[PDB]
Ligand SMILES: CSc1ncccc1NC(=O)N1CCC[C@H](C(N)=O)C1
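This document opens with one chain alone, in structure tokens, the form deposited without the ligand.
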């Protein structure tokens, strides 16, 4: 599990979005595994605007933050998970690292702030859904 709390927005994995998230829906994209919903309180996280390929991610299934190198946001093919089939996914970044289904939502962060959230796992790879292209997250 895990979310980004930027201003009055909540950024979650589409596949972990709650009824409350869908009832307060701002934006959602199955191809990115992202959903954004409205909050009443302001959040404590800030979003990276950058092309960094190094950062640190939280891995719940190890209670550990790992420094990683990761690919630039891309269109990757993903093998079947407990929560999705084998399929393609967009705006995905890959690193070498541990990712189990429940690690989804872990933040990846660089020197500029939050880069994305864990979205995929398997074969000693962790995939992150990028949020850095979501400039609209900064305002309104």
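Only the largest set of C-alpha atoms that superpose within 1.5 Å between the two forms is called the rigid core. Shifts are known only where both forms have a C-alpha. Positions refer to the first chain, counted from 1.
If you look for the form solved in complex with the ligand, you will not find it shown, but the lines that follow are about it.
The site is blocked: after superposition of the local C-alphas, three or more atoms of the ligand, taken in the deposited bound form, come within 2.4 Å of this form's backbone or C-beta atoms. Within this chain, residue 87 lines the site of the ligand in the deposited bound form, having a heavy atom no more than 4.5 Å away. Though the partner is left out of this view, residue 43 does not reach within 4.5 Å of the ligand in the deposited bound form, counting heavy atoms only. After superposition on the rigid core, the single residue among 75, 80, 41, 56 whose C-alpha moves by 2 Å or more between the shown form and the other one is 80. Comparing the forms between the shown form and the other one on their core, residues 79-87 form the single run of at least three in a row where every Cα shifts 2 Å or more.
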